[PDB]
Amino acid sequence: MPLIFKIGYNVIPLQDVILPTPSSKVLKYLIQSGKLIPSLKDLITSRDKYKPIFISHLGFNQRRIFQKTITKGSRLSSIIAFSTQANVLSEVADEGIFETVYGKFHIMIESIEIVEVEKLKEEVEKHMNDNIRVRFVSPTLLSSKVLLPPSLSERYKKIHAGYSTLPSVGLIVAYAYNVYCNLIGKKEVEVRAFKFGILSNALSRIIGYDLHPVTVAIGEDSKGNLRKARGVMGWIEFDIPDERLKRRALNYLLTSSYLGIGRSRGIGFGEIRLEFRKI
């Protein structure tokens, strides 16, 4: 039923400012401050799993930024994506100068993309004979345990498996099914998510790949701990031969091409590009 908004911002600093950790935080502030799109405040605060927001890392030139001072007026890029009602579009700032605790910046909207989720399925249909390339252009954090049998999840709820620096196709499409579900309002999925993921990496073929684990700062604590974490970057190209599972997976992946993948996407992690090639 609802729709997705993908807003492309050009950010420019107004002095020499030292970027915080990670970059995305600067705009996060502006949302919690309500200086830009106050409506989203609630949806930022929401600790609900698989929430539909994405405040990307700040991108210089072509690539994002991960663990250091920035020139006076360098041309930066960013992307915020989310989903509520078209009403919010009445109050998005379009232009402006905002101060933060970091500094002051000139925000100018470069692009706007709005689409309905059901309109995506149409796009899903024309790729049922293309190979699927998923490209992480941001540090992506995928837990392995989301693929643990739902039942048994109590027993092993003691030990932390961390983040699969080497992710299976099933894990990613499970996550995309999670965000797709929490989007269209579909409670209790983890069993279906599970079963679908197992089903997926069980009968899907990796065509080619380049991945590599990455260590990134996700922000200092209050008490002083500079939190670091392990994730995975690079691209992975594969295919699924079963028509059903393909159509479903494409329909979830398209969603992730906006809202991102895994967690925590509320801070720029999991940003992906989705590419296609023929046979």
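Position 1 is the first residue in the sequence shown; the rest follow in order.
The modelled chain is continuous from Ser33 to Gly34, with every intervening residue of the deposited sequence accounted for. In this entry, 9 to 17 shows the higher mean Cα temperature factor of the pair 252 to 260 and 9 to 17. Here 154 to 162 and 178 to 186 are compared by their mean Cα B-factor, and 154 to 162 comes out higher. Taking only the listed residues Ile236, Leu58, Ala229, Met233, the entry reports the highest CA temperature factor at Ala229.
When all modelled residues of the chain are sorted by CA temperature factor, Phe82 is found within the middle third. Per the deposited record, the Cα B-factor of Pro22 falls in the highest third when ranked against the other modelled residues of its chain.
In this PDB entry, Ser90 carries a Cα temperature factor that places it within the middle third of its chain's modelled residues. The deposited CA B-factor of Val101 belongs to the highest third of values across its chain. Per the deposited record, the Cα B-factor of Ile272 falls in the lowest third when ranked against the other modelled residues of its chain.
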